[PDB]
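Residue numbers (PDB author numbering): 1 to 723.
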Ligand SMILES: Nc1nc2c(c(=O)[nH]1)N[C@H]1C(S)=C(S)[C@@H](COP(=O)(O)OP(=O)(O)OC[C@H]3O[C@@H](n4cnc5c(=O)[nH]c(N)nc54)[C@H](O)[C@@H]3O)O[C@H]1N2
Ligand SMILES: Nc1nc2c(c(=O)[nH]1)N[C@H]1C(S)=C(S)[C@@H](COP(=O)(O)OP(=O)(O)OC[C@H]3O[C@@H](n4cnc5c(=O)[nH]c(N)nc54)[C@H](O)[C@@H]3O)O[C@H]1N2
Ligand code: SF4
Ligand SMILES: [O-][Cl+3]([O-])([O-])[O-]
Ligand SMILES: [Mo]
C-alpha cells in the first residue's frame, strides 16, 4: 500500500541504443518511480543510468522559456513564443529569399523522436527545397550504413538481440559493450553462463570490463583490425573452415579495385595477409589470429558485435565490410545465433535518422537524393510539385559546420545535440559557430549545454516522456513512449514547434498537416508502405499495447520480422523464391565480399607525436553529461576527465599514477590526471569526453571516411608529458 505510483506509463529509456522498455510511475501528475518494461526485449531490466532517469525528468534545471541573444556575444534573455517563432520564421524565410534554400540547415539527432526528425526532414527537403539536413548519427552509425549497404544492398542488421541467446561465439570488436550497452552485455554474459562452451573474443586496443568475460582479448595496435580480419579469413580459407555451399550460391566477390572477382581471386588477395606478417603488424601473438579465426568458423553459431572502434574511422565502411566477409565466407548468417550485428549507440539513430533518411544524401525508407525515381516517389507522397526535391546532396555534418564558418550556411537549427562539445576538431568548429552573421536556433532542454553559448535563439522543448513519440533502437524494434507528465513552464513538444515554424515561414500548410506525433506517424507509415522498410502494420493502437514491433511489419496481423533475407521469415522474400535466402538489396540476390585494402589512421603517430590517442564512453556518463550530470550518484566515481596511460609506457617515461600530464596533439594541448594501468595496450592513450571543463575534441582531428563522412574520433597521434 502506497504513496507511490497511481499509474505506470509505458515508454523507452532516454539513453542507449539497447533501447530498454521502461514503465514510468506517476502520482498526482508527477513521476515518482521507474522500472523496466517486463514485456520489451530487456525483460524488466534496466542499468543504473536508466534506473536513475526520474531525477532527470524532475530536475528544475531546465530551459523553460524561449530565450534570445540580441547581439553576438550578449546575454540570453527571455522572449515570448510568438516573438521567438516570428523572429525565427522571418530569419529563415529572409535567408532563403536573398541567398536561396542552401543557406539554411537542420542539424538534428538520433535522440530526437522519429516524428520530430520526419517533420524537420520534410520541412527542409520538400518545404524549403534544400537537402541540408543532417545529424549526429553521421558521427556514429554512418559507417555501419555504408558497410551494410555495400555488402547487402540494404541498411540495418539482418538479425536481432534474440540472436544473443543462441550464439556460441561472440566476436566483439571495437565495442565496450559493458559500459556502452550494459543490459545487452548482461545478456551476453548470461549466455556464457547458461552455456559455458560459449567462446567470446573481444578485440579492442583497450582491456575493458568487457574483456573480463572473454576467452581471448586481442589488444591490437590502433588501426590494424582490418589486416587482422583479413588474416582471419586467410586462416578460415587455408584450414577449409569456409562454407562453399553458401558462398557459391549467395555471394559475389569484388576485388581491391572494386571489380567483380571470384573465390580464387579472394584466396590470392588474402595471400597478402598471412598470420605471420599480420601478427607483427597488429602487435599480437600469431596464435590469436588462429584462435579467433577458428572460434569464429568452427563454432555452431557466431555473432559479431561492434561499435565505435570500427565506425569512428577513415577506413570505417571497409572495416564493416570486413566483418561481413567472415560471416559471408562461413555462412554464419541468416540462422538463429549466427549474424553480423552492428551495435547502434543512440536510442533513435536507427528509426529517426537512418530509416527515415534524415541525412543530407538520403530520403525516407531506403530512398536516395541522387536517384530521380526516388525523388519522384517522394514528390508523389509529399504532394509536391515535380522536381521540388533538389537532385544533389546537402552538407554532411563536417561539411555543414565548415559551410557555416564560410557564411554559405547562414541559418541553422540544432535539435537535441550538443555540437560545440561533441564535434571533432573543436577549435575550428568553435570559430565556425561564432560567424558574426550566423543565426543559430537551439532547441535544448538543459541550460548547461556548451552549445547554448553560440545560440542566438533558444526554444524550450518538452523533454523525454513529457510528450509521446517513437524510438527505433539497434535491433529494428520500434517502441512508443507515451506522455507521463506535463512539460514544465512554457515547454512545447517539438513536432508542434516544427509545424508552427514552417507555417510562419511560408511553407505550404498541406506539407505540415500535423496536430501531434500520431498524425506524423501515420504519414510516415504510408511513406514506408511497399518499400523493404515497410512498417505500415505498426498502428499507434498496436504500439500502445505492444512493447515494440520489429520491421518489416507490413500489416496489422503481421507479427514483425526476426530474420531478414530469409525465405519464410522475412515478408520481403517472396514465399515462392527458389532459394532459402534472398539478399534482395543486390540485383542478383547475392551478398558481396569486398577485398578492401587495409591501411590505417588519417593521422598516424610518428617521432614527434609517438602515441595513438583515443576517446571512449564511461558507464556513469551519457555523452555531454547535461542529463547524467544531474544525478548525484553518477559522479561518485567519474566527476572529471582523465587520461589512461599504459603502465609499461608510464614506467619507461617516468609518469606515475594520478600525476598531472599534458596531452598534446597537432591541434591543442590539455592537462589531465593520469590513470596508469594495463587498460591501454602500449603506445596508446585514451580520454573520455563527458567533461565540459575538458573539451577533448579540441585535440582530435577532423578526418572522415570518404564514403560515410564519419569522423575518425577513435585515432589520432599525440604526445604525453609531465605538467
Ligand atoms: N555509458 C554510456 N553508454 C553509451 C553512450 C554514452 O555516452 N555513455 N553513448 C551511446 C552511443 S551514442 C554510442 S555511439 C555507443 C558507443 O559505445 P562503444 O563504441 O562500444 O564505446 P566507445 O568507448 O566509443 O569505444 C568502443 C571501443 O572502441 C575501441 N577502439 C579504439 N581504437 C580502436 C581501433 O583502432 N580498432 C578497434 N576495433 N577498436 C578501437 C576503444 O578502445 C573502445 O573501448 O555507446 C552508447 N551507450
Ligand atoms: N571525442 C569523441 N567525440 C564524440 C564521440 C566519441 O566517441 N569521441 N562519439 C560521437 C557519437 S557516436 C555521438 S552519438 C555524439 C553524441 O553527441 P551529442 O548528441 O552532441 O551529445 P548529447 O549530450 O547526447 O546531446 C544531447 C543534447 O540534447 C539535449 N536534450 C536532452 N533532451 C532534450 C529534448 O527533449 N529536447 C532538446 N531539444 N534537447 C534535449 C541534452 O541536454 C544535450 O545537450 O558524440 C560524438 N562525439
Ligand atoms: S542498457 Fe541503455 S537502454 Fe537499457 S537501461 Fe541502460 S542506458 Fe537505458
Ligand atoms: O546512421 Cl547514419 O549517420 O547513415 O543516419
Ligand atoms: Mo553515437
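For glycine and all other residues, C-beta sits at the position ideal for the given N, C-alpha and C.
query: Are three or more beta carbon pairs between the segment 690-709 and the segment 652-662 nearer than 8 Å?; result: no
query: Would you say residue 146 and residue 601 are within 7 Å of each other, going by their C-beta atoms?; result: no
query: Where residue 191 and residue 399 are concerned, what is the direct C-alpha to C-alpha distance, given to the nearest angstrom?; result: 43 Å
query: Counting only runs of 4+ residues fully inside the segment 140-183, write out the alpha helix (DSSP H) ranges in chain order.; result: 142-152 and 177-180
query: Apart from the five residues on each side of it in sequence, which residues of its chain come closer than 6 Å, Cβ to Cβ, to residue 628?; result: 621, 622 and 634
query: Taking 6 Å as the cut-off, is the beta-carbon of residue 137 closer than that to any non-hydrogen atom of ligand 4?; result: yes
query: By Cβ distance below 6 Å, which residues in the same chain neighbour residue 338 in space, the five residues on each side in sequence not counted?; result: 301, 302 and 332
query: Helix, strand or coil, according to DSSP, for residue 724 in the structure here?; result: Since the first residue shown for the chain is 1 and the last is 723, residue 724 is missing from the structure and cannot be characterised.
query: Which residues have their C-beta within less than 5 Å of a heavy atom of ligand 3, listed in chain order?; result: 13, 15, 16, 18, 20, 46, 47, 49, 50, 182 and 183
query: Hey, would you say residue 111 sits closer than 7 Å to residue 312, going by beta carbons?; result: no
query: Using a Cβ-Cβ cutoff of less than 8 Å, which residues in the same chain neighbour residue 205 once the five nearest sequence positions on both sides are dropped?; result: 219, 220, 221, 222, 309, 612, 614, 680, 681 and 684
query: Assuming contact is defined by CB atoms lying nearer than 7 Å, are residue 624 and residue 430 in contact in what I supplied?; result: no
query: At a threshold of 6 Å, does residue 347 count as lining ligand 2 (C-beta to nearest heavy atom)?; result: no
query: Is it the case that the CB of residue 623 approaches a heavy atom of ligand 2 more closely than 6 Å?; result: yes
query: For residue 7, report the span of its beta strand (DSSP E) as first-last.; result: 7-12
query: Below 7 Å between beta carbons: does that hold for residue 12 and residue 24?; result: no
query: Let me check understanding here. Comparing Cα to Cα, which of 3, 51, 67 and 47 lies closest to residue 461?; result: 67
query: At the level of alpha carbons, what is the spacing between residue 343 and residue 316?; result: 14 Å
query: Three or more C-beta pairs closer than 8 Å, one from the segment 499-506 and one from the segment 87-105: is that the case here?; result: yes
query: Using a 10 Å radius around the Cβ and a threshold of 16 neighbouring Cβ atoms, would you call residue 510 buried or exposed?; result: exposed
query: If you draw a straight line from the alpha carbon of residue 566 to that of residue 322, how long is it in whole angstroms?; result: 22 Å
query: Does the Cβ of residue 193 have 16 or more other Cβ atoms within 10 Å, making it buried, or fewer, making it exposed?; result: exposed
query: Going by DSSP, name the residue or residues bridged to residue 27.; result: 30
query: Hey, how far is the Cα of residue 492 from the Cα of residue 163?; result: 40 Å
query: My output table needs one value for residue 595: the three-state DSSP class, helix, strand or coil.; result: coil
query: Quick one: any contact between the segment 708-719 and the segment 587-604, if contact means 3 or more CB pairs under 8 Å?; result: yes
query: Roughly how many whole angstroms lie between the Cα atoms of residue 515 and residue 485?; result: 19 Å
query: Identify the residues that DSSP records as bridge partners of residue 581: which are they?; result: 566
query: Would you say residue 334 touches ligand 2, meaning its beta carbon is less than 6 Å from a heavy atom?; result: no
query: Which class does residue 433 belong to by DSSP, given the choice of helix, strand or coil?; result: coil
query: Heavy atom of ligand 1 less than 6 Å from the Cβ of residue 617, yes or no?; result: yes
query: Leaving out five residues on either side along the sequence, give the residues of the same chain with a beta carbon under 6 Å from the beta carbon of residue 81.; result: 66
query: Tell me which residue opens and which closes the alpha helix (DSSP H) that residue 87 is part of.; result: 81-99
query: If we ignore side chains and look at the alpha-carbon of each, how far apart do residue 536 and residue 496 end up?; result: 23 Å
query: Please say whether residue 171 and residue 341 have beta carbons closer to each other than 7 Å?; result: no
query: If we count Cβ pairs, one from each stretch, closer than 8 Å, do we get three or more for the segment 585-598 versus the segment 247-267?; result: yes
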